[PDB]
Amino acid sequence: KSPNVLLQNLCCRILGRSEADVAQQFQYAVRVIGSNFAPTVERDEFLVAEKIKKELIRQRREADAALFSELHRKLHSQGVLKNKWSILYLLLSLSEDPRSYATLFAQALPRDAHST
Amino acid sequence: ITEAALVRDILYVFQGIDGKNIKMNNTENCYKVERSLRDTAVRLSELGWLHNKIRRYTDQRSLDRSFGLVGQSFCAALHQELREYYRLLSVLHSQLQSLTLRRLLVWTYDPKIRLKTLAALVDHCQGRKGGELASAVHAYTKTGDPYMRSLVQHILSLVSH
Amino acid sequence: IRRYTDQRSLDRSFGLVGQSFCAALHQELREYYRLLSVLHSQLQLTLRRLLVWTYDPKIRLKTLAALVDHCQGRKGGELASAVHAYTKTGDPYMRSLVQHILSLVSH
Amino acid sequence: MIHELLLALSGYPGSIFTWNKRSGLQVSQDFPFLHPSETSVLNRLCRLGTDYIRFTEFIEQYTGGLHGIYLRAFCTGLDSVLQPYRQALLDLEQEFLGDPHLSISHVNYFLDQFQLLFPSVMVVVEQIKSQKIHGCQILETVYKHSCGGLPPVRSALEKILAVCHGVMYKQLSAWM
Amino acid sequence: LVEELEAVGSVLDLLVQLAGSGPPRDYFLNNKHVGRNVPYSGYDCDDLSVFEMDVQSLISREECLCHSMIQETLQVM
Amino acid sequence: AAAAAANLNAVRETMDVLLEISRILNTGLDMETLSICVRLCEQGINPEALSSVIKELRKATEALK
Amino acid sequence: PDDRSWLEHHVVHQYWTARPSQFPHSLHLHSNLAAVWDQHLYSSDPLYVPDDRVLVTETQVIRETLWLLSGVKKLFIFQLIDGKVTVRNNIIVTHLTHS
Amino acid sequence: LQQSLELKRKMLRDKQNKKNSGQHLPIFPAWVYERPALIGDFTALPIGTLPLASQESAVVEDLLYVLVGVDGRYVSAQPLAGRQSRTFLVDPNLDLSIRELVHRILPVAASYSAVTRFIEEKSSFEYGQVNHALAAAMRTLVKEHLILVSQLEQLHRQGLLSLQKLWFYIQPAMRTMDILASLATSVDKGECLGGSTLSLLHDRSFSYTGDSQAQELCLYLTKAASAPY
């Protein structure tokens, strides 16, 4: 749909409450999401796959890091997805271990050496 | 000639099989090409050169009962580790149906060390049986690296059964 | 500004407060690669032969070429007796550039 | 393509593979549609299918003439070990019906654990054929290789031996 | 403002649908000279290029006038 | 049509692959909420910016509980 | 034409009657082994002279086999010549080459 | 070249005499040392007569190959190798303007050739568990270097990477790599192993507080090194 009503669909999905309950959160969400609708950094899905690999090594599951390569194959096999970078970066941002230094290793280029 | 054919050839020399325009030449040296790009290939084929020694050894000694039950339990672990190496290769096969990823150096760099440790391990465990064989696996767990210590102790649990 | 930094990072007598000043003058060398990097990218840029782009810096550089002579001749905590001379200067430019560098230096 | 190979391993070699009864599944064709080193990859895979075809011959004769009901129990256990070689062939075809990009390498990879079972029970079956055993000393020759050393050939023959003793538990109850 | 207007809603319900029926430097755009703010910013020529449009928007009226006084009088003369 | 359903079958596959990757990273999003986030990802989105809101509303689904 | 059209649609009419077979196909090597091998055979120059086959699909074999196994015969495939079974050689699918 | 074989045996004899109940320190096979392709750093057209903005693309491409390893087209990795040390030979007709900047960018490649050989020679059992753990967390710093040049490769394929942008991109990593190369030289020159290279690392982790750029690096390496102790 249109993105502005889709934000409202989000705020009804995650909360068990309707929009009539609390509207401070939706205002603060508008403050966050607005002016961030365009990736101003490089969108290489290759780096994002190699970050899930580092993440699954950090959780000590090498079998999961090696099935991840077959699942990363399946995206290539269909190829119907448009930004492969965004959805895997989103699922990586909400990473969780079912059971330190992370900014020191690889991140996407800032574009301060290019016109944004 | 284009690089994408060479990528297909390189994806077979990891197993220990000649490619098509890259083939094995001089057994105790690496694969030889039939300016920078030509020099890159010799470094990627060394993983398969390491693979040859482990694979030819756990092929032959698995059928031996003159090498004992211990030695065969070592062969189980060696072959079990070789399968896990071919999984990646199958993925890389299907993922292409001109591109390099530094000709897959970033993929190969972590299995390269998992091959080098085994390349030492097959020769320290050569021509031994039983507890004498067990002591030869016992030597390499005196390491500070967590990657190596995680590698050897899996084999050691199987050999001492 | 790069000559001064080229010599002070080799001095162990300039200090670990001189090697924190000179390492807050390494960021001011990197900022000199954050300036023209994009003037170079838009080449295939003319804006009155790029005379606007020598008038936001050439004042950065002017502030940081005064400390490259005034604090050239000091070593150790006697130099942090004279970076406090540029947060009292009247140019509100220089006061706010050094109010940030002295924050890194006073760690 | 990856339904023909699932026939050449099970017998019916086709025109991509030439079978011989002594040792078969020869493949020496050039492929412009595959890679030409696929023949070597296929050879490594072909080692398994040769052994499965030999086992089915030995299973065919009982459940040179022979008398012995041990041969009709040894074979019966050898049937039960070959059912996870049947299931592991159904799984592949079920994948290939839906999946478009899977290739020869998936089968060669996936059936690498049966390049340990089959070559190591091959020497047991060829030992019982080459010097013919049809007495009760077949069981001692089984107990020598059910010691194993590799887990597939260590645990497969343990299934078979209990069934052999189960037929002798009718013999030794009609005795007793 | 609507936060303090909710601390009348039908007017804002009227306004959200009339928000497309409307009409069809000083000393702070890129001031990096005066101020107690840190001068530390990199270049991109897409803060200055929409500072060249802040002048060109004045000039694009003041150039359309020079075209639209001679055409407007040559269509009547 | 029919060719519009074979494409959607090839999209249903891809969504299940992203579903596996979603469940091994153990996101609190179920199949429905993730289908809002994929539509957001189609229009272009910064998931650092979505992730900062989702890390707050998931802690504020339990704040008024 | 109201009866023949329904017949044409909801009955196959292409492995038991004089009509060339059609079916939408999914090409590309992993299921294309018959056509791939045909082109390979022709490129090697036999010299040519094809085999007389009418191209029947996969599931039709399955239905015909099930009827042969149930106890009936004299189907379009698997006829008797004196009471001895005989396989038709006009069968080939878009895969397996019929070897 | 020849000298590493000597070093390893002498330090084997140290632990042979020190313990008289511990026999036979294990060594690696000879092919680990023999092949110069397990390490990283080792026709031509007249490049000078070409336009400037195509010379830039050419040299950026060849230098990118030299960064991880392999001898490039117009930049070659020279076989000096007398101790932690690497030199490079650019073709001597490159335009002087480009050439000065290229020479300014080359020390991070010498400061990678020094890094890869340390992991090879000081991973064996005559250098012990502490040097194992030290080289094993420096190998991770090699991996994270490997991943950046792939983003840069995808960038250069689209005609967007230039020597200016590349020079900007390696500016944060220059300091880290130089600290690593000098540390490797110091451990090699003094024949430090065991705990004598846990004193140097405590000193070097104390040494930097300048930007917390090199501080986080050395603190990570001294935390990794002190687990086997």
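Described below are features of the structure shown in this document.

### Section: unusual backbone geometry
Residues and elements named next belong to chain G.
Right, on to step 1. Cis geometry marks the peptide bond from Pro46 to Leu47, where omega comes out at 0 degrees.
Right, on to step 2. Checked against the element boundaries, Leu47 lands in the loop between helix 2 (33–43) and helix 3 (58–70).
Right, on to step 3. Despite not being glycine, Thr97 shows a phi value in the positive range, around 65 degrees.
Right, on to step 4. Mapped onto the secondary structure, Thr97 falls in the segment after strand 2 (85–86).

### With respect to the interface of chain F and chain A
Right, on to step 1. Across the boundary between the two partners, chain F contributes 45 residues, which contact 46 residues of chain A.
Right, on to step 2. For the pairing of chain F and chain A, the buried interface totals around 4,300 Å² over both sides, and the portion due to carbon and sulfur atoms is 70%.
Right, on to step 3. Across the chain F-chain A interface, the total number found is 1 salt bridge.
Right, on to step 4. Between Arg13(A) and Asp30(F) there is a salt bridge, with the nearest N and O atoms lying 2.9 Å from each other.
Right, on to step 5. The tally of links from chain F across to chain A stands at 9 residue pairs in polar contact.

### Remarks on the environment of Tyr31(B)
All names here are of chain B.
Right, on to step 1. In this structure, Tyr31 sits in the loop between strand 1 (22–23) and strand 2 (32–33).
Right, on to step 2. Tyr31 gets classed as buried once you look at its relative accessible area, which sits at 3%.
Right, on to step 3. Setting aside its immediate chain neighbours within four residues, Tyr31 contacts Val13, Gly16, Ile17, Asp18, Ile22, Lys23, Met24, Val42 and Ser45.

### Thoughts on the packing of aromatic side chains
Residues and elements named next belong to chain H.
Right, on to step 1. In the structure shown here, the tally under the stated rule is 20 aromatic pairs over all chains.
Right, on to step 2. Judged by centre distance (6.0 Å) and plane angle (65 degrees), the ring pair of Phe28 and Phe125 falls under edge-to-face.
Right, on to step 3. Residue classification places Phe28 among the buried positions, given a relative accessible area of 9%.
Right, on to step 4. The exposure class assigned to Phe125 is buried, which follows from its relative accessible area of 14%.

### Considerations on helix 1 (residues 3–14) of chain A
Right, on to step 1. The terminal C-alpha atoms of helix 1 of chain A, which comprises 12 residues, lie 17 Å apart, in line with the 16 Å expected from a rise of 1.5 Å per residue.
Right, on to step 2. Looking only at helix 1 of chain A, the buried set comprises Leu6(A), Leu7(A), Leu10(A), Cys11(A) and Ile14(A). The buried residues of helix 1 of chain A occupy an angular sector of 150 degrees when the element is viewed end-on, so they sit on one face.
Right, on to step 3. Turning to helix 1 of chain A, the residues buried within the fold contact helix 2 (24–33) of chain A together with helix 2 (31–42) and helix 3 (47–57) of chain F.

### Considering the packing of helix 4 (residues 69–94) of chain B against helix 5 (residues 105–124) of chain B
Residues and elements named next belong to chain B.
Right, on to step 1. In contact at an axis separation of 12 Å, helix 4 and helix 5 are set at 160 degrees when each is read in the N-to-C sense. As summarised for this structure, helix 4 and helix 5 are arranged roughly antiparallel, according to the angle between their axes. The crossing of helix 4 and helix 5 is left-handed. Facing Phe74, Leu78, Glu81, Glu84, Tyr85, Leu88 and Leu92 of helix 4, the residues of helix 5 in contact are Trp107, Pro111, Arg114, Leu115, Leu118, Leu121 and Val122.
Right, on to step 2. Tallied by class, the residues present in the contact of helix 4 with helix 5 amount to 11 nonpolar, no polar and 3 charged.

Reading the values: the criteria
- Residues numbered from 1 in each chain as written, not as in the entry; some residues may be left out.
- Chains lettered and ligands numbered in written order.
- Part of a larger assembly, values for the part shown.
- Heavy atoms only, no water.
- Helix = DSSP H or I, 4+ residues; strand = E, 2+ residues; numbered from the N terminus.
- Contact = heavy atoms within 4.5 Å.
- Buried area = accessible area lost by both parts, 1.4 Å probe.
- Salt bridge = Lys/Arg side-chain N within 4 Å of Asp/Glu carboxyl O.
- Polar contact = N/O pair within 3.5 Å; in protein donor to acceptor, adjacent residues only side chain to side chain.
- Buried < 20%, exposed > 50% of the residue type's maximum accessible area, 1.4 Å probe, protein only.
- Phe/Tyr/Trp six-rings, centres within 6.5 Å; stacked < 30°, edge-to-face > 60°.
- Expected span 1.5 Å × (residues − 1).
- Arc of directions from axis to C-beta.
- Axes fitted to C-alpha atoms, helices over the stretch in contact; angles between N-to-C directions.
- Parallel < 35°, antiparallel > 145°, perpendicular 65-115°, else oblique.
- Left-handed = near helix turned anticlockwise from the far one by under 90°.
- Nonpolar A, V, L, I, M, F, W, Y, C, P; charged D, E, K, R; others polar.

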